Undergrad: 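Quick one: structure below, then a few questions.
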Amino acid sequence: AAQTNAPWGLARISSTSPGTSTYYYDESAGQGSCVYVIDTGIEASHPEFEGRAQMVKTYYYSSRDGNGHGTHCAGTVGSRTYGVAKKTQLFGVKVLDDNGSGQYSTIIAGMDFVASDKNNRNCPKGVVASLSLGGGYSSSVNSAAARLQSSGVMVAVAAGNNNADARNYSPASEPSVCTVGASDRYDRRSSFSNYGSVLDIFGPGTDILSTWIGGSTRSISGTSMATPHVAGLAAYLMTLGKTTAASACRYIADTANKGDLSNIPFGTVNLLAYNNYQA
Ligand SMILES: [Ca+2]
């Protein structure tokens with residue numbers, strides 16, 4: 001399948017070269033997979049989700065996304081227009097308040113929630129969790145992300161936006177999960193992206209168009225925006241039978257575009273997520 005005039009980031013993950021605007025993908029489109037978006041919530045009534053999104057948990061007085069961030073991330077995973085895996089099921093877990101903040105104890109609770117909750121959902125092709133959030137190093141936060149991965153969920157996490165070594169941020173620094181940095185439309189590392197030996201992969205993160213609250217759309221930037229590209233890609237590849245939750249991060253790195261990014265510090269991987277789709 002081909003979607004013309006796609007957002008650049010979707011075009012980039014199905015291309016060997018920058019500078020194109022069509023997204024090419026298998027029509028299966030992540031059907032039968034599930035992606036948890038652990039964030040500020042998801043505006044499930046947004047037409048772009050077509051009834052495929054629902055809120056399953058909140059730790060606040062409401063399950064609604066009063067911020068936008070979670071809706072944007074969810075859109076990049078699985079909206080009709082802006083999403084990687086256009087037929088995936090999206091589940092929202094609201095661990096961040098409407099200011100975008102959350103205590104680590106709540107975040108941990110949300111990750112353990114997903115490890116259990118997947119047993120209540122029909123996801124025959126596999127389960128992914130997308131975590132566009134982080135803060136200073138915490139062994140307890142890393143441990144929770146490791147447990148979620150161990151339970152059979154592909155965990156994708158944002159590297160962080162401090163232009164620093166991700167070793168000092170959590171859950172970015174947990175080795176067993178898939179830590180995602182950000183690139184721009186000219187194949188440069190995004191100027192804010194964290195880096196370091198703990199990164200596994202890069203995805204599009206600068207000027208990413210996706211869904212927003214109030215039934216709207218907007219373009220924003222961050223490792224938060226790269227992460228759902230990789231989460232969506234994992235769901236898409238799992239549906240195709242190419243990989244599993246345990247091995248999807250390694251499979252994505254193995255099949256990535258290699259050596260095409262600039263401003264990659266020495267010791268950081270030069271790997272850009274790629275779907276390897278040949279029509
Ligand atoms: Ca890793």
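Order of appearance sets the numbers: ligands from 1, and atoms from 1 within every ligand. Each residue takes its place number in the sequence, starting with 1. Hydrogens, waters and symmetry mates are skipped; everything else that's a heavy atom, side chains included, is used.
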Undergrad: Which residue is it: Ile108, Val157, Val114, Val127? I am looking for the one with a side chain to side chain contact (heavy atoms under 4.5 Å, CB included) to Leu148.
TA: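 Exactly one pass, corresponding to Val114.
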
Undergrad: Which residue is it: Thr206, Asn161, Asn163? I am looking for the one with a side chain to side chain donor-acceptor pair (under 3.5 Å) to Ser190.
TA: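 Testing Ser190 for a side chain to side chain donor-acceptor pair (under 3.5 Å) against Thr206, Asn161, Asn163 leaves exactly one candidate, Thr206.
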
Undergrad: Quick check: does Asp200 put an N/O/S atom under 3.0 Å from the Ca ion (ligand 1)?
TA: yes

Undergrad: Does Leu199 put an N, O or S atom under 3.0 Å from the Ca ion (ligand 1)?
TA: no

Undergrad: Report yes or no: is the cationic atom of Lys118 (NZ for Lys, CZ for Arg) under 6.0 Å from the centre of the six-membered ring of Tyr36, at an angle within 45° of the ring normal?
TA: no

Undergrad: Could you point out which residue of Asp184, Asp207, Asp187 forms a salt bridge (charged side-chain N to carboxylate O under 4.0 Å, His left out) with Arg12?
TA: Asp187

Undergrad: So, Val177 and the Ca ion (ligand 1): N/O/S under 3.0 Å, yes or no?
TA: yes

